[PDB]
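Protein chains in written order, with PDB author numbering: chain BBB, 5 to 126; chain CCC, 1 to 570; chain CCC', 1 to 570; chain AAA, 1 to 100; chain AAA', 1 to 100; chain AAA'', 1 to 100. A prime marks a further copy of an entry chain.
What follows is a set of notes on a single structure, which appears directly below.
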Ligand SMILES: [Ag+]
Ligand SMILES: [Ag+]
Ligand SMILES: [Ag+]
Ligand SMILES: [Ag+]
Ligand code: NI
Ligand code: NI
Ligand code: NI
Ligand code: NI
Ligand SMILES: [O]
Ligand SMILES: [O]
């Protein structure tokens, strides 16, 4: 019984994040010459133009990673990430101005993505 | 995806079932529940969740359910529970306890806890958050006492004094309309909440009552002014009309009555018994029997807390210095031996543990330590765990039941007794945002940040010339809450209804928030959260032994305490 | 009668052609001209010239062209010139730069610089006098930061914060109407000029704009709140309507865009690029390319200034502490190596010397040193003289050209960028009398006296109990400018036009002088005094090499600086 | 360090005691504040060592004698009071008539 | 002297370090603030000596060991940060986990 | 102790002097504030010893020499002034050009 002041004794078990939401694996490629790090809660379809992936599969979704962590893409790197579903009202405003409303308007999001050159609108 | 519970607790602070050690005590608190949605936890920084379009809403104006301030991932320790939640603040009040962020994309967001353009963030992950301490036994002797209090997590000072005048050095009294007015205007400059007590002495009503009308928040009956049947009776008559509390320091000398004569004068009316054990003052030797009566709200002062090997030697000498006692006057020696008693100081630890004494307080600069009410509360709970074991009521190997009973003694219970629990004393929706963050390692010893009305007033922080604020020297410092006019908006002067109705704030040019004292006359022992026990306390007049349910209450003084030599430079 | 030039300079301070060493640097300033009439020099003391009937006029009332204050024989170092003049102050403003005294008997007296019965005298003979420093990258974290700034000659703090809240510890942001109101009332107590930045984040206009209407003087876009195309676009839309400046800390992580995506969102609008080199934050690795664009007003923060042997080791670790980076997470290691770059920090010294970075700033208590903007500006100029030689533009073996280019970076240029150069930022007639006296031996290291609105606010002065004020200990101390109500008349709260028109000062009871932010949207790089260079800055994405005119910019880190171990107790 | 107000102030006593001890070591009779500082720091360092209140009440009367201090100083000091963190928390030590 | 605010404050660290070193010399296990003061003053005196940031990051981990300090103190100190004037100006030293 | 404001401030000089003397003992050339602190504390300790103003005006010029201090420091110090309690009350000592 060595005392570490303020120490935790955490319970047994694991914490499942984003429990009960659909998960989706997609391949993503940094076609740029500079690194890109993407956070847990950015609408995946609105990330940096030079990331190539199936943009439709980012709609209504974000990275399935612990709150406040990120995925890193070195220049030229391709890798798989897992996405989870946005919750709440499933609405997105601002960020890259591709949605500004319900994530249900896939056609309109992809139309805006294609026109501004977000790579991978199919 | 799953996170093991060690990484989870390191990132976001602990969750349901996790325990946390309080400082270097043997006391463990367990998270009882968690308002979060696992994966939608709020956090602030580079690439984190509270960013525009993400966990921060980019649409809503401040009025549209957006917070001024979110404390993320707080471990709350309060009489209401030990649990995990975000705390939302707006207009200097706590508006939401729950789950903050952006309902655009997050599940589980409390509707009035939107992080928006107008929201400041304080990261409470890994911190314990409590209400500010309510010290109801304060002597206003030396303005340097305020930082001492802030540094140990006290946010409200109730008592009396005009500075280092003998009347103020003995008694929690600002006497008469002029002194009360001068100290109300002084209070404009003190970065802490304040309520002022008038002199609870007189044989006519008007000389007492005019103190309440001038701005006093309450009265103090003190033997040094004459704790006579008349002064007790008139003060309580005034308090029943004015809806304020009376504190009592009774007639130690038994000059005009024994304890039963004081209780007869009180005649079943509500009263705050100060330093009820009696080293700090009262009917020799049996004052502590006050704590068994249903009309008595009983408080300890802090130097008897808890019972240690040095306590008695310290107190016999403290009393000799304080009273100018002479060791060659046998009356002085009989007096001291009648007043400093291991039997009552030992029983005082157990009464605290049984919930028979409801409140802690300092007795700051009169016979008690301005910065050690919170410190000595946890030293007592830890000593009682060691000597008495987990209380029966505990479960899961945690000390949550004892932690709620003891945190109540310096938060909610003094607020209820004073008539100010509508504003302060707990982390509940609708109360003033007086909040203390603690590193668990420093819990009860040195506050990290003290928030007054939703702005930080005091912080342990380092070199002001440094690239970042963590380089040495880290010390307690006043923050922007205390500077300029913001000292007015972050702090409350508590006043009687009559002085408020009579316009005393405008008469004196007070710019501080005005708090109303109320609902003090309609409460008793049963309204003391977790500390509601009434019983027949017997104090043997020959041996000073204390009995409850015909059982002698005694314990040993300890040689060592936690929250002491590990932490303190002196 | 003639005086040799050694005795002349010892009596009156230097004159045309005389040079002065700046502290212990290799930098020399030359007096370019002198407004005096040789023999009619003004001076104050026993048997001196400013006496009734002599150099002091005995006839004129204050209104009749008489000064409140004359600084005699100042050596002015300003973007406008390096020259010798008396400086006349009245109603807290600089009314005359020229020749003070009494036209009764003196030749050459500037008509509005009469020394009269109403005139105070400050002897500036042998002193260097500059404008007060304008620090436009301030985090309001700890009130103790203000004296740190005064001690190194800073008189204006622009930035944001509510104290040591995480949002304020990362970003120059006072978020939303309530926090902005609380910090405006705090500001009443801070003896320095202040302007407050709101949160430059949202996807609707109203949540941002309501910050300008509440009293913000500008906005900050910070990656920690989401430096997204939307937050950039809305903030600049708000700033173009409200006539305030936007500061940017860009998306280091390139999450929503590369540098070219941020410039597209800016769409040719005026913006202040904070810590443009990028150690302090921005698009990895090429943020510093911002400093070549004509719509960008680029500033450095001070810890990269200048490039020294310890710089990189210090910064890799500073970033690890600041970001809670883990050396066992390769992403954290790649991130740090992408952000702390000798190639860009080395180029940053030369860009400063070429006039491609226009401004210095601190980043006080977030990632920068509150008291070292002026210090590190002169350390950079001295290093560049040693490595690059006198600039071509120099003449007479003086560093006047480099001295004007570098003094501009912390005086006039941040004033122009913020929209406050009508009030502060230079020693010119009609501007507020924010003046710093320096002993040449202490120049840029420790200010002698700091004047705020024509009254001394801060002074290095000694024993208050002594016969005279020069006995030890000599330390920095607040002076009568900071006491009582005079703190209101000597300092400016800078506010948006809309908050001024909407009566926010009266609503909040602000007693400080109110300054109007204006003419921020109609300026670019070309309005940066001595620092007006636009060029194509190339940053190699693989090597991080910086090119201007297809030429690699590199220099060596130095082992030693002036204005360091000779001066500082720690 | 997390220094609280009292930790900051009490550092000053230790410093004054060091200054006073230096002055005694070069053979000066100590004055009123020097003497008070020496005995005060003695008490606080005693508490840090884990001595009891009763020990320091005894020892404090033998730290300085009238031949260590100037004329009148023994009679100017009625008592010396200090609070320090003992192993059982903060306690008050009063040394009565420390110098005869 | 022309003392600035930081020079005034940092004098306090040197004093706390002197007090702590005295306490270690009479055989006390050092507490949280004592330990922090010792290592802090070590760094600032190192910078004055002209050592590099990298040297003091190494040396700082060997100023005190767990047998110099009370139970739990090694684990209470995650790191110790200080800014001092090196020959190349003010720099920040962080010593990570200074005491094992 | 009854410390007045000046007693509180002047404690700081003694402390800075102790810090500076330590730095000289490990072979550092002293800087501007170190040198000023050393000579200042020397004067105030001299007054406490009962020396005359005239003695300390002489002695003060020989406490440090140019080989004790960095380049330029002799020339930065024109004089050093201090007030201390002599046996005949507070007096001002000025040491002119203390270091050549
Ligand atoms: Ag007494
Ligand atoms: Ag007493
Ligand atoms: Ag960081
Ligand atoms: Ag940083
Ligand atoms: Ni009492
Ligand atoms: Ni009391
Ligand atoms: Ni930044
Ligand atoms: Ni910043
Ligand atoms: O008391
Ligand atoms: O920054």
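All C-beta atoms in this analysis are idealised placements derived from N, C-alpha and C, irrespective of residue type, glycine included.
Residue 565 (chain CCC') reaches chain AAA' at 85 and 87, counting residues in chain order whose Cβ is nearer than 7 Å. From the listed residues CCC':84, CCC':267, CCC':160 and CCC':355, the smallest Cα separation to residue 126 (chain CCC') is found for CCC':84. Listed along the chain, the chain AAA' residues whose CB falls inside 7 Å of the CB of residue 23 (chain AAA'') are 48.
Spatial neighbours of residue 107 (chain CCC') in its own chain (CB-CB distance under 7 Å, excluding positions within 5 residues in sequence) are listed in chain order as 37 and 40. For the options CCC:323, CCC:560, CCC:558 and CCC:534, the alpha carbon positioned closest to that of residue 548 (chain CCC) is the one of CCC:534. If you draw a straight line from the Cα of residue 190 (chain CCC') to the Cα of residue 135 (chain CCC'), it is about 15 Å long. Those residues of the stretch 31 to 65 of chain AAA'' placed with their C-beta closer than 7 Å to a C-beta in chain AAA' are 33, 36 and 37, ordered along the chain. Using a Cβ-Cβ distance cut-off of 8 Å, the stretch 56 to 66 of chain AAA and the stretch 28 to 40 of chain AAA are in contact, since at least three pairs of beta carbons, one from each stretch, lie closer than that value. Neighbours of residue 475 (chain CCC) in chain AAA, taken as residues at a C-beta separation under 9 Å, are given in chain order as 1, 2, 3, 4, 5, 7 and 8. Listed along chain CCC, the residues sitting closer than 7 Å to residue 93 (chain BBB) by beta-carbon distance are 103 and 104. Not one beta carbon of chain AAA lies nearer than 8 Å to the beta carbon of residue 92 (chain AAA').
CA-CA distance, residue 52 (chain CCC) to residue 46 (chain CCC), rounds to 12 Å.
Within a 10 Å sphere around the beta-carbon of residue 379 (chain CCC) sit 16 or more other beta-carbons, which makes this residue buried. Around the beta carbon of residue 358 (chain CCC'), 16 or more other beta carbons lie within 10 angstroms, which makes this residue buried. The DSSP-derived three-state label of residue 86 (chain AAA) is strand.
For residue 233 (chain CCC'), the enclosing alpha helix (DSSP H) starts and ends at 229 to 242. Of all C-beta pairs linking the stretch 426 to 443 of chain CCC' to the stretch 64 to 82 of chain CCC', three or more are shorter than 8 Å, placing the two stretches in contact. If you compare the alpha carbons of CCC':138, CCC':92 and CCC':87 with that of residue 114 (chain CCC'), the shortest gap goes to CCC':87. Counting only heavy atoms of ligand 8, the residues whose C-beta sits closer than 5 Å to one of them are, along the chain, CCC':363 and CCC':366. For residue 69 (chain CCC'), the closest of CCC':123, CCC':132 and CCC':48 by C-alpha to C-alpha distance is CCC':123.
Close CB contacts of residue 86 (chain AAA') within its chain, under the 6 Å cut and outside five residues either way in sequence, are with 47 (chain order).
A straight line joining the alpha-carbon of residue 111 (chain CCC') with that of residue 60 (chain CCC') spans about 12 Å. Between ligand 4 and residue 322 (chain CCC), a heavy atom-to-CB distance of less than 7 Å is absent.
Distance check between residue 49 (chain AAA) and each of AAA':45, AAA':22 and AAA':49 places AAA':22 closest, using alpha-carbon atoms only. In this structure the stretch 381 to 395 of chain CCC does not lie against the stretch 498 to 514 of chain CCC, because fewer than three pairs of beta carbons, one per stretch, are closer than 8 Å.
Under DSSP, residue 104 (chain BBB) takes part in no beta bridge, so it has no partner. A direct Cα-Cα distance of roughly 8 Å separates residue 269 (chain CCC) from residue 521 (chain CCC).
If you look at residue 6 (chain AAA'), you'll find it in the alpha helix (DSSP H) that goes 5 to 25. In the structure shown, the three-state DSSP call for residue 120 (chain CCC') is strand.
Contact of residue 466 (chain CCC) with chain AAA' is assigned, a C-beta pair being separated by under 8 Å.
Taking one beta carbon from each stretch, the stretch 30 to 45 of chain BBB and the stretch 9 to 20 of chain CCC have fewer than 3 pairs nearer than 8 Å; the two do not touch. If you compare the alpha carbons of CCC:503, CCC:516 and CCC:296 with that of residue 214 (chain CCC), the shortest gap goes to CCC:503. Relative to ligand 7, residue 275 (chain CCC') has its C-beta within less than 7 Å of a heavy atom. Against residue 81 (chain AAA), the close residues of chain CCC are 321, in the order they occur along the chain (beta-carbon pairs closer than 9 Å).
At a cut-off of 8 Å between C-beta atoms, residue 569 (chain CCC) counts as an interface residue with respect to chain AAA'. Our two residues, residue 92 (chain AAA') and residue 76 (chain AAA'), have alpha carbons roughly 21 Å apart in a direct line.
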